[PDB]
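*Asks:* Below you'll find work34.txt; it's compact mmCIF, C-alpha atoms.
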# COMPACT_ATOMS: atom_id res chain seq x y z
CA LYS A 1 -43.14 -28.75 -51.92
CA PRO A 2 -43.41 -31.12 -54.84
CA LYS A 3 -41.11 -31.36 -57.79
CA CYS A 4 -41.20 -35.05 -58.73
CA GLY A 5 -39.73 -37.22 -61.41
CA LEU A 6 -36.28 -36.90 -59.97
CA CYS A 7 -34.98 -39.37 -57.46
CA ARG A 8 -36.80 -40.92 -54.55
CA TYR A 9 -38.96 -37.97 -55.05
CA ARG A 10 -42.06 -39.34 -56.54
CA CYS A 11 -43.03 -40.13 -60.11
CA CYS A 12 -44.72 -37.16 -61.71
CA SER A 13 -47.29 -38.72 -64.00
CA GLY A 14 -45.55 -42.06 -64.32
CA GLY A 15 -42.50 -41.30 -66.41
CA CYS A 16 -39.44 -39.92 -64.67
CA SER A 17 -36.95 -37.28 -65.66
CA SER A 18 -34.10 -39.14 -64.02
CA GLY A 19 -34.64 -42.69 -62.85
CA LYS A 20 -37.56 -45.07 -63.17
CA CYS A 21 -40.76 -44.84 -61.13
CA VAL A 22 -40.91 -47.74 -58.73
CA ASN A 23 -44.65 -47.42 -58.28
CA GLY A 24 -44.72 -44.29 -56.20
CA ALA A 25 -41.27 -42.78 -56.41
CA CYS A 26 -38.46 -42.68 -58.90
CA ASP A 27 -36.06 -45.59 -58.70
CA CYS A 28 -32.85 -43.72 -59.17
CA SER A 29 -31.01 -46.55 -57.57
Let me see the structure of the file written as structure tokens.

*Replies:*
Amino acid sequence: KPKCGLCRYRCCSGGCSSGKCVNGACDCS
């Protein structure tokens, strides 16, 4: 299931909750 915006998860729209969207997933790192 999706949830996105979190970490490694994906970006939702292009503006994470947690990290920083790498291109295609949130760069929590």

*Asks:* Any idea what the distance is between atom CA of residue A:21 and atom CA of residue A:4?

*Replies:* 10.1 Å

*Asks:* As a CSV table (one decimal) with C-alpha atoms, in the coordinates of the input, please: the residues near residue A:3 (cut-off 12 Å, all atoms listed in the file, same-chain neighbours under 5 positions excluded).

*Replies:*
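And here is the file that came out, out18.csv:
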chain,number,residue,atom,x,y,z
A,8,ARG,CA,-36.8,-40.9,-54.6
A,9,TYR,CA,-39.0,-38.0,-55.0
A,10,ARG,CA,-42.1,-39.3,-56.5
A,11,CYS,CA,-43.0,-40.1,-60.1
A,12,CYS,CA,-44.7,-37.2,-61.7
A,13,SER,CA,-47.3,-38.7,-64.0
A,16,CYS,CA,-39.4,-39.9,-64.7
A,17,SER,CA,-37.0,-37.3,-65.7
A,25,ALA,CA,-41.3,-42.8,-56.4
A,26,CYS,CA,-38.5,-42.7,-58.9

*Asks:* List every protein, DNA or RNA residue that has at least one atom no more than 8 Å from (-31.7, -39.3, -59.9) in the file's coordinates, counting only C-alpha atoms, and write the result as a VMD selection string.

*Replies:* chain A and resid 6 to 8 18 to 19 26 to 29
